[PDB]
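**Student:** quick one, what's the 3D model for this:
(one chain, ligands or ions: 2)
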Amino acid sequence: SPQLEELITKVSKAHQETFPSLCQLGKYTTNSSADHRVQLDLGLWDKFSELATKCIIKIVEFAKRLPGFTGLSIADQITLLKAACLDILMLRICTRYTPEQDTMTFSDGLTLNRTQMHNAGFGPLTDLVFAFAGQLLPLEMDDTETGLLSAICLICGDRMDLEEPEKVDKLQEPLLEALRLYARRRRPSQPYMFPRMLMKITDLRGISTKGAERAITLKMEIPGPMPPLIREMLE
Ligand SMILES: CCCCCCCCCCCCO[C@H]1O[C@H](CO)[C@@H](O[C@H]2O[C@H](CO)[C@@H](O)[C@H](O)[C@H]2O)[C@H](O)[C@H]1O
Ligand SMILES: CC1(C)CCC(C)(C)c2cc([C@@H](O)c3ccc4cc(C(=O)O)ccc4c3)ccc21
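**Tutor:** Residues are numbered from 1 along each chain as shown. Ligands and ions are numbered 1, 2, ... in the order given. Below is the structure:
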């Protein structure tokens with residue numbers, strides 16, 4: 001129990017230090033392609049993809065702060081990151097949804113409306129991702145819960161090509177314990193919150209599968225290759 005409390009603190013801090021809260025960011029906007037959907041606005045794609053690269057680096061930094069992660073083989077660290085990074089990216093941007101303005105906010109404060117999210121690359125996946133974001137809201141997750149859920153998504157022993165999947169399973173166990181303890185303590189009158197959170201992982205995987213499908217069509221629409229850390233994620 002003391003060790004589980006320290007794990008909660010450590011994961012919470014790692015998330016906050018690699019992912020600013022919506023409340024913390026100085027929002028700004030752009031007038032690019034703001035009023036009508038187009039196939040792709042290349043200036044918005046260039047900015048979006050740069051922000052995605054930076055957030056991948058942050059997710060790697062977060063991962064290496066999770067207790068035990070750097071005790072895994074470097075190969076298994078890389079396999080886990082490749083398998084989960086798009087899931088965690090999708091979760092992160094959906095936690096930055098402002099329903100009253102129908103916007104999402106990136107880590108530099110860039111705040112895009114739904115049409116701009118579409119035009120920056122989401123394309124035909126846009127409205128389904130905004131609906132996922134919308135349905136995250138009733139859970140009223142806090143940053144500790146988002147951090148723990150992200151860790152659970154990453155540290156999962158079912159990933160293909162792991163060398164030591166039983167070791168990965170054993171690292172996930174206290175994360176699961178920690179999220180249930182935390183979630184029930186915070187909202188004892190809503191005991192379905194922990195299972196609802198875990199079922200969001202399945203939803204995220206479905207959105208990330210659709211995002212990988214979108215990457216294939218977007219590749220045809222952009223003049224050069226995607227950024228190298230994005231290509232790492234997609235392989
Ligand atoms: C998901 C697919 C990826 C598979 C795993 C491979 C990802 C490899 C990531 C290792 C990154 C090495 O990191 C090394 O260079 C980064 C980029 O100059 C630095 O990154 C640094 O600058 C960034 C600015 O973009 C900051 O946001 C980081 O917080 C900061 O630490 C690191 O501090 C340094 O340790
Ligand atoms: C694979 C690829 C390139 C193409 C296909 C689509 C458009 C589906 C896509 C969507 C994302 C998207 O989840 C995303 C992007 C930037 C993000 C930036 C931040 C941040 O600033 O803190 C946080 C979350 C983010 C989340 C990432 C890559 C991709």
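
**Student:** what residues does the residue nearest in space to the middle of the chain make contact with?
**Tutor:** Nearest to the mean C-alpha position of the chain, by CA atoms, centre = their mean, lies residue 88 at 2.3 Å. Applying CB atoms under 8 Å, 6 or more residues apart in numbering, one finds that residue 88 lies in contact with 59, 150, 153-154. In short, each C-beta sits where N, CA and C put it, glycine included.

**Student:** check these and tell me the two furthest apart.
**Tutor:** 59 and 153 (10.3 Å; CB to CB).

**Student:** would you say residue 225 is within a helix?
**Tutor:** No - applying DSSP: H, G, I helix; E, B strand; the rest coil, one finds residue 225 to be coil, outside a helix.

**Student:** which ones are touching it?
**Tutor:** If you count contacts by CB under 8 Å, 6+ apart, then residue 225 has 219, 231 around it.

**Student:** sec struct for residue 100, please.
**Tutor:** Strictly by three-state DSSP, residue 100 counts as coil.

**Student:** so who does it touch?
**Tutor:** Contacts of residue 100 by CB under 8 Å, 6+ apart: none found.

**Student:** re earlier: measure the residue nearest to the centre of the chain to residue 73 for me?
**Tutor:** 21 Å (CB to CB, to the nearest Å).

**Student:** likewise for residue 132?
**Tutor:** For residue 132, the distance to residue 73 - CB to CB - is 33 Å.

**Student:** cool, and residue 143?
**Tutor:** For residue 143, the distance to residue 73 - CB to CB - is 30 Å.

**Student:** neighbour-wise, which of these two wins?
**Tutor:** When residue 143 and residue 73 are compared for neighbours, residue 143 comes out ahead with 17 against 12, by other CB atoms under 10 Å.

**Student:** that one is in contact with residue 16, isn't it?
**Tutor:** Yes - under the criterion of CB atoms under 8 Å, residue 143 makes contact with residue 16 at 5.7 Å.

**Student:** what parts of the chain come near ligand 1?
**Tutor:** By CB under 6 Å from any ligand atom, the residues of the chain that approach ligand 1 are 54, 56-58, 60-61, 78, 81-82, 85, 229, 232-233.

**Student:** I'm done for today, thanks for sticking with me.
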